[PDB]
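What follows is a pair of forms of the same protein chain, given separately as structure tokens and numbered structure 1 and structure 2.
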Structure 1
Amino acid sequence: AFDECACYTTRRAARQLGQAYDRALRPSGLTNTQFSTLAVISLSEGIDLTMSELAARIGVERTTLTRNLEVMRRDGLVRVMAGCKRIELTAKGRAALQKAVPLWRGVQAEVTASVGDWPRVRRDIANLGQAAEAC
């Protein structure tokens, strides 16, 4: 019975989430990962960060992050100079993020309504991940 594999189900879930979050964020012109990195930057501001230090925070691989960061800076959402690396939010980035928030907020509410207590489940999942990590 492989249907219950923690890795499998969580992986399958996360992907479906990525799809729905992408769909919902369509109008803001952001992908879930892009939106994520932006949010992170808007939170931490620019700032000097390692690509691995950033990729880990968003929960992606360096290659994926970097490639995305490229398409993002290429689109004038972020400004990336040398520090490590200096990443900054552009006015346009702030705009897209601001526009994306309500969209992300709607899908978040619609998705986490499938569980009795989201905070509970979230913490569990995260605890499950950190558990895996420490393994």
Structure 2
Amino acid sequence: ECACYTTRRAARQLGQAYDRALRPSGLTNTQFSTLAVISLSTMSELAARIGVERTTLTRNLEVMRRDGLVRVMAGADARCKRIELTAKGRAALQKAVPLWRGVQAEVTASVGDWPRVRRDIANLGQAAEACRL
């Protein structure tokens, strides 16, 4: 019935499935997602693309910095911080990449169509963001 509930719940289950799948690489689903986004290429910019609030990204990164996944360089402005992947991070990503396909395949296979479902969720997320004012 509820849109927040059903989505959050599905995210919970999915999070559990993806975490168990990425277990040997010692990565969480969120950390993986962040790594891949960094791998495509400041903080607030990154948080926006990731889809979390600032402070969440901050504490998430410290956990990764401590595990030597990513490094932070001071920005050209002392205000901003820039983010790089470390060798341990790129090697971890590479190790988790095949594991992701093994699980991505299964959950994406059991559906009349995934691309339709996918864009429905995305636009529903953006729909929620419109409450900002």
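If you superpose the two forms and keep the largest set of C-alpha atoms that fall within 1.5 Å, you have the rigid core. Structure 1 provides the reference sequence; residues are numbered from 1 along it.
Looking at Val107, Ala39, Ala56, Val101 after a core superposition between the two structures, you find that only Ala56 has a C-alpha shift of 2 Å or more. The two forms, fitted on the rigid core, differ between the two structures by less than 2 Å at the CA of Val78. After superposing the rigid core, the Cα of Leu65 is displaced by 2 Å or more between the two structures.
In the rigid-core superposition between the two structures, residue position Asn127 carries a C-alpha shift of 1.7 Å.
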